[PDB]
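Keep in mind that the numbers below use all heavy atoms, side chains included, and drop hydrogens, waters and symmetry copies. Starting from 1, each residue takes its place in the sequence as its number.
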Amino acid sequence: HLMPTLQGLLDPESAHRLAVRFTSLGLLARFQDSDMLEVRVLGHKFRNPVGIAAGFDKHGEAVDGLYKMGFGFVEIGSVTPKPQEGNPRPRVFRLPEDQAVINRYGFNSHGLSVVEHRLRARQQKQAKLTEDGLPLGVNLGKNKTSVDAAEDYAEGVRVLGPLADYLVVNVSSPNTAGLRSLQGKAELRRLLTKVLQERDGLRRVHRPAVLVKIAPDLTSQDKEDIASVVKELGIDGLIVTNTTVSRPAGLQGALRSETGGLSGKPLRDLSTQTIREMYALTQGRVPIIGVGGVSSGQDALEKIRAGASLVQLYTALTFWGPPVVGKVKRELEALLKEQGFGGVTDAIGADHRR
Ligand SMILES: Cc1cc2nc3c(=O)[nH]c(=O)nc-3n(C[C@H](O)[C@H](O)[C@H](O)COP(=O)(O)O)c2cc1C
Ligand SMILES: Cc1cc(O)n2nc(SCc3cc(Cl)ccc3Cl)nc2n1
Ligand SMILES: O=C(O)c1cc(=O)[nH]c(=O)[nH]1
Ligand SMILES: [Cl-]
């Protein structure tokens, strides 16, 4: 009621900005996480497997409010090396009839320096949160006018790697020209070699896991190549998936033909299937964070059974608000019991074993 009014009254970008402000100020979880929901992966304990996806808190302003909302882990970003404004407005669109969003933000970012200082101000608070099962991820992007993509990512590793439990090499935004070509075998191998070199140069207690975030629009060859490179280099994990440049048949929203990445329900099963493929291609040995269209416990469990160790959501929050977090968790716990799993861990990749 208070949300859909403010959102019927505000364009989506204004609604987002207000949501970040409200969350950051702690104006918002009764659900107490069961032991069944704990997952150990990426060198950390996660008190529950439901995280906030990149894009909600691009600049690291609302991290504590997000844990208060009940997220088991928080991912901020994408952060670019230099500040940049992103695309001109309007650049985000609701498709309410589809429970979907289309965005073309183009990596609006306060930049590494601003985010560094913001995280440093709460660095020991985060260390305690991480030890308590509430890790922090930092998602790295590249500036629009950058003439060396790998150096942009390297800079991100150097500056924010020491403040993160995991880093994400985001090579799958549909809204930065040329970016998704970095998912190609040769480009990815070169980029990730550099990224891992830089990460390995950080002092041990400041050395994050490194994950690569991939698109839902990849060819079979692209997926096979990514799997090969991830295994060759010892990449720590995959985030599967970013938004889709596809427009599935059946979309009803008036704004369905806006340029950008599509998120929410129409992406859900395309993302699940991409998780399934990547888990198989990596022999279940590479942790996957599953994302795209999660709005229920069933949605979460489907991705977990397909191979995700953790899941994330964003678009569901924009429709259902903060209560969706607890809802997903409570539903997930109930389904795990119904399906005879002792916990989340037992369900990871379960579809591949039946
Ligand atoms: C408004 C918006 C902005 C986003 N910005 C980013 C971003 O900066 N970096 C990133 O890796 N993913 C970004 N994403 C993608 C989400 O992290 C996620 O992969 C995708 O939206 C699918 O999950 P969902 O269906 O739960 O929203 C963004 C998504 C939305 C809706
Ligand atoms: C791009 C976009 C649009 C949007 O309505 N939302 N909503 C959220 S979180 C939901 C929310 C909305 C308002 Cl208006 C106030 C508080 C909260 Cl938590 N994030 C968003 N991101
Ligand atoms: O900044 C954006 O446009 C953006 C980045 C990204 O990775 N994914 C997305 O959907 N939007
Ligand atoms: Cl440091």
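Listed for the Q252 side chain is a donor-acceptor partner under 3.5 Å among the backbone atoms of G250. Remark: the backbone N or O of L37 is not paired with any side-chain donor or acceptor of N48 at under 3.5 angstrom. Formation of a donor-acceptor pair under 3.5 Å by the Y166 side chain with backbone atoms of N139 is not found in this model. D11 places a side-chain N or O within 3.5 Å of a backbone atom of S14 that can act as its donor or acceptor partner. Put simply, the side chain of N242 never gets that close to the backbone of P174: no donor and acceptor are under 3.5 Å apart.
The closest side-chain donor-acceptor pair between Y314 and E75, if any, does not fall under 3.5 angstrom. Side-chain N/O atoms of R120 and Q123 include no donor and acceptor closer than 3.5 Å. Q221 and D225 form a side-chain donor-acceptor contact under 3.5 Å, judged by distance and modelled atom types alone.
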- Query: Yes or no on side-chain hydrogen bond (donor to acceptor under 3.5 Å, both in side chains) for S228 and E232, after CA distance, side-chain angles and deciding distance?
  - Reply: CA-CA 6 Å; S228 174; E232 181 195 340; 5.1 Å; no
- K265/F319 under side chain to side chain contact (heavy atoms under 4.5 Å, CB included): CA gap, chis, key distance, verdict: CA-CA 11 Å; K265 198 195 301 291; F319 288 108; over 6 Å; no
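Salt bridge absent: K329 and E333 never bring a charged side-chain N and a carboxylate O closer than 4.0 Å. Salt-bridge formation is detected for the pair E151/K194: a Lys NZ or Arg NE/NH1/NH2 atom is positioned less than 4.0 Å from an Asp or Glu carboxylate oxygen. For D98 and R256, the salt-bridge test fails: no basic side-chain N is under 4.0 Å from an acidic carboxylate O. Under a 4.0 Å N-O distance rule, the pair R180/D222 does not qualify as a salt bridge.
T23 OG1 to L18 CG: the interatomic distance, rounded to the nearest 0.5 Å, is 9.0 Å.
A347 and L336 make their closest contact through CB-CD2, 3.6 Å (heavy atoms, listed as atom of the first residue, atom of the second, distance).
Using cut-offs of 30° and 60° on the angle between ring planes, the pair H352 and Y279 is tilted.
Residues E116 and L160 meet the side-chain proximity criterion, which asks for heavy atoms closer than 4.5 Å.
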